[PDB]
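Scroll down for the structure; my scribbles are underneath it.
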Amino acid sequence: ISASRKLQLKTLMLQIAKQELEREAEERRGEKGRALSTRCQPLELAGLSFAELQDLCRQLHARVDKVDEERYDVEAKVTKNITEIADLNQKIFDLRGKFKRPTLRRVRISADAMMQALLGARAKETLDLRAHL
Amino acid sequence: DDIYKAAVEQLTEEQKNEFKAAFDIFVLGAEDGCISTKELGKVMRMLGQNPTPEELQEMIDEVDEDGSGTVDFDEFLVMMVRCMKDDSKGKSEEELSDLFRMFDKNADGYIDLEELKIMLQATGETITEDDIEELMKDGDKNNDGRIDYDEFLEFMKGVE
Amino acid sequence: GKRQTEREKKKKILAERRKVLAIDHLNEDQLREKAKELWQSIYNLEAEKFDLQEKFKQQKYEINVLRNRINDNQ
Amino acid sequence: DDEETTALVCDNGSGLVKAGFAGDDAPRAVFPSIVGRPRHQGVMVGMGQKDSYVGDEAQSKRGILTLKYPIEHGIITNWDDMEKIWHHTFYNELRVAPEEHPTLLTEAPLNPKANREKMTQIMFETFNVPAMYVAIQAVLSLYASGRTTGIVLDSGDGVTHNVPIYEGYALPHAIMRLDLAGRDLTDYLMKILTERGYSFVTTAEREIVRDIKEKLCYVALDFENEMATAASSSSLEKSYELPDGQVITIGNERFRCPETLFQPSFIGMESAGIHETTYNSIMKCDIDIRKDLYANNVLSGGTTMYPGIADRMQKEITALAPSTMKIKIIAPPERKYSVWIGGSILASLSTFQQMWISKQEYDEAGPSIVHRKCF
Amino acid sequence: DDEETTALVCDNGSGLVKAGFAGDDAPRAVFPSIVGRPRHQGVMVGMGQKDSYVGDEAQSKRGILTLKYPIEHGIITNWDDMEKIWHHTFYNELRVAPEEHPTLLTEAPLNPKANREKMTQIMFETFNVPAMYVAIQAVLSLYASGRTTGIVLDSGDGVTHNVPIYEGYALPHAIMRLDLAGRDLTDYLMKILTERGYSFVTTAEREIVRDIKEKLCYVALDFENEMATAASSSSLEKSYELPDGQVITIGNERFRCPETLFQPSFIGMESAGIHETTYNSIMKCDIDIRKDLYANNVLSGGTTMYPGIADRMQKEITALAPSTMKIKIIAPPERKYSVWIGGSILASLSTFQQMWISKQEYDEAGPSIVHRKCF
Amino acid sequence: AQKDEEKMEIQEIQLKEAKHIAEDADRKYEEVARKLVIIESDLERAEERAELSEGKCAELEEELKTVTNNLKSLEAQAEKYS
Amino acid sequence: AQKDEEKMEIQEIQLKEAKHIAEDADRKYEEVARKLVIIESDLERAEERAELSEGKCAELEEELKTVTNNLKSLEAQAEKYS
Ligand SMILES: Nc1ncnc2c1ncn2[C@@H]1O[C@H](COP(=O)(O)OP(=O)(O)O)[C@@H](O)[C@H]1O
Ligand SMILES: Nc1ncnc2c1ncn2[C@@H]1O[C@H](COP(=O)(O)OP(=O)(O)O)[C@@H](O)[C@H]1O
Ligand SMILES: [Mg+2]
Ligand SMILES: [Mg+2]
């Protein structure tokens, strides 16, 4: 296996994947707008009158009730899913801990640095103590 | 990659001091200035730094495509100073989660060699025989045909 | 449980969100603007509902993945 | 699959919860129904120790738990634990939210009303199902055999009941429910093992005794001859390796444990065995459908899986019954899941699709709707 | 490092005090725990002679001192000397004032309460730490191995204890604490050396005998064969140079000193060896976790560093245990500091950060807080 | 004093050689520890997979026995009904 | 001269320590060599036996399939007999 070629291929693939994700998000946004125009047909009020306004008011109230109930059920589902996400995050945290907590440690922060001072300190202490006269 | 110039300009003194000490240990006279990587690895071992050396030795056996065997500053200097973690931010975990969810057209929690080949044909890279086996190593840590998102995360984590 | 608190919260939200019901007491333009604004509001609510539905499906898939993880741990 | 809506055929049982979507051959997830809190102290920090392991997870950590079944004899004695079991069954073993699926529970005959009403109230309030229906555990086992008549002896793990049915018309005055079942056989086996030196006391070791019973015990064709043979030769002594070594040798305890079914005087019960309560259940029926019931005797339930029971029971009934009638005992190889297979078949029927207890109906009449026309 | 606050993982032990900041690999300062007053008169004036040399300083002037350990068998018998040892450890070997650092002491199982309460009272009143926590010396050694089950035999220098743990749930009824340890082996070696002519009596020469034991003794795989071989050939006699010359030759005293661990009848103790108290500790556990304990037997503590003990112990347990189970003995190369490494890991955990005994809590309930929920 | 200086420098070069030998031994030690860790992990996996295989073989053997015996009995009964 | 002699004594103790290092390194290395070899041999044997068991299990699968088919046949014959 190579080193540089694999690096460049991986980098290019990651960048292309991000571009694909962004364009897919844009396409999904366009489709969501299309579905908005379908389910919520835009109203052109050109040459309009009172009667269409009142019909719009009544249909709007009924649709507000329906969509509010639908969105309430969806939001309750969302809350349940968020709680499940929290529980699964906690479990994965616990499992990764029981895996890698012993491996996660500060190995010899200063014990590696402190290597030779003790011997010289002992010898120099003996010599300094002898050095009274 | 070609991070050589930005790297030779970007190094901060925490590693520049040891670079200078290794330079002094290396060059004492009657040298061509190319700085033989074989002595460089031994010098860095003497310095006490703790990266992984076997990959460096294999690279020198392969890299510097003309096969000179005496790496000039760029590549072997990078392999030397590779003690310090100057990584590509590790990307973002949520970004990779979104990518892997996108790639899971199977919608079965994992992506296999067929989907990897599909993405490769979508981009158009040179076909490699290391395929299949690379998925077996990185994504298949369970030998079950299952790959979770952390496998793709650590597949190219902080890749430049 | 889990059958009455939801109903009361939903009715309270309905009361606070469904405003006063009075139209024909005013001019045509004021009612026209009010209806247009409420229609755009329900359009925004519907768009948000569909986006949250897609996000809920994605998070259901993610919950399935995490379930496969907790199954892999045993 | 796709659009449309499939039904959840759950089957609470007592000892093994069997569940799965309607229209398949076998239950999707089968796991013991035990909920065991830990009993020791626990010193490791951050180990992620939960407060109650349910289902098949508590059969692997049973060394430090105190397993306790939430269903004693058909009836449910601990509603919180049963709710926990149902929640686990829906969310982790099937991973389908109950808000979008009808459910078909099963219940033993002659059970207390309050149990059934509480069951439907839970299913409608906590899990919030669209519609649920409760069915008698024997009619399903008759569905699975593809018959339409016959007297079915459904010897589960909690309770053994014997429902005779003719031409689709159940006979409510001839149901003979007896409370001897697999659990009492486990306790009796655990009690007679002490005659060789092996003492099992902990609620965790009851599972080991259950495994011994499943793997070794068999029903003797003739009891006295087997008792005489096992007391002279040694061709019966089969050994078994405990979960830690120290193999044990079971002698004539092999066929004495399941013999309790045909002589309930062993565990002090007064009533007659499963060989004579079937004949009594038949004799309560009318004089003109006794031949058909004799010819279509059906076995079901887990405890009827002992090797050699379909011959002992036939011999006993042939001894009791008149000499002219033909006695036939239907013992399908898929005995254990017979009730659930029948439940799947019943839930998959088009004619049955309007018998569910719809939620609006429950909202109008309360939990007492189950005793009404929607049975 | 910088801001923030690190914990002090001290580990009193008995024979070597091991201390260091939490989150490292090895203790920062390891030194014998001995306090020795001078015993002769002293004629030089102004030499700067102190009244008590503690720690590693008294292992260099031991020629004119009377060293005396302040910890006999786990318990602490001389509180003033122990306070002196702690003061030295904090101020001279680590040079960190205790007013700004939590501490995590360690204590053997089944020790007297008064010892633990006095320890916490000292740490809170004299040294005035922010918060201290006391942990059992075996759970830490189980942390260091990265396991979560297993039965750990922590044969220190004061006391040998054998704590079985499963899935993080310690079994308090199966702890077998035995008071034979390294110190008794030193005394027995000093007593059997007299059979060749070498007499060590002074408390300073006990250190020389300890060095002989560390450098030469080993555990025999089979005792009788070694006794027969050492009595015929001379391939075992290894020589050793005293601190003044006059080399000595140790014959079959080499494997007879550490054999006392497996036959405590040598020093007159009644109990069974460390090879049989582990099997007894296992057999007290439940029947379903014995396989896991058999497979994950952990060794720790200093005295388990004899060359060839991980094979003798495995052979003995395999002889005792049932033939089917697999016996595996985990003997990491970092055995001596295993308890302290585990202590560092435990102190570095985020989940553990709220278990410390905060000072305000001690002010409200007195020293008896340690036996309460904050264990 | 001259002789002592000679011995001092000789012991000095000897001490440097000693330090180098020490470092070489240290590296070898780290290396062998790595190798042992790897091989032991492989031992764990090998034993566990062996156990799985043995258990499955046991279960299949038992089921074969049961079904074979039932088939033999039913064959005898088929002859009987002939 | 006295200072030089003190230096010499220091060098002597350091040489002693170095030889001590050498001996302990060798001993531990030989130990790990023993463990390495034993682990490797046992790993080889365990893999071999596990594969053997796997083969036997597959054979058992095929046997069970044969028996299942024959039981189906006998059952059909018996029911028609009835
Ligand atoms: N192969 C078998 N041989 C003997 N007894 C069995 C066997 N399988 C299950 N049993 C017994 O049957 C019980 C399971 O019965 P089951 O039909 O699951 O009860 P339920 O009607 O509650 O589902 C177990 O407790 C066990 O004692
Ligand atoms: N390399 C060794 N070989 C044999 N025995 C040893 C070795 N190192 C230490 N010991 C014995 O172990 C004792 C130190 O045990 P240690 O684990 O420090 O006790 P504690 O649990 O009090 O810290 C010493 O007294 C010594 O007798
Ligand atoms: Mg049943
Ligand atoms: Mg200790």
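Residue numbering in chain F adheres to Swiss-Prot, whereby the residues present occupy positions 134-215 in order.
Each Cβ is built from the backbone N, Cα and C atoms, and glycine gets one as well.
These features come from Swiss-Prot:
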type	residues	note
MOD_RES	F:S174	phosphoserine
MOD_RES	F:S186	phosphoserine
MOD_RES	F:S206	phosphoserine
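Projection of Swiss-Prot feature records onto the structure.
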| residue | record | Cβ within 10 Å |
| --- | --- | --- |
| F:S174 | phosphoserine | 10 |
| F:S186 | phosphoserine | 19 |
| F:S206 | phosphoserine | 12 |
Listed modified residues: F:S174, F:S186, F:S206. Which have a CB under 6 angstroms from an atom of ligand 3?
none
Among the modified residues F:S174, F:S186, F:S206, which sit with their Cβ under 8 Å from a Cβ of chain G?
F:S186
Rounded distance in angstrom between the Cα atoms of F:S174 (phosphoserine) and F:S186 (phosphoserine):
19
Round to the nearest Å and give the CA-to-CA distance linking F:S186 (phosphoserine) with F:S206 (phosphoserine).
31
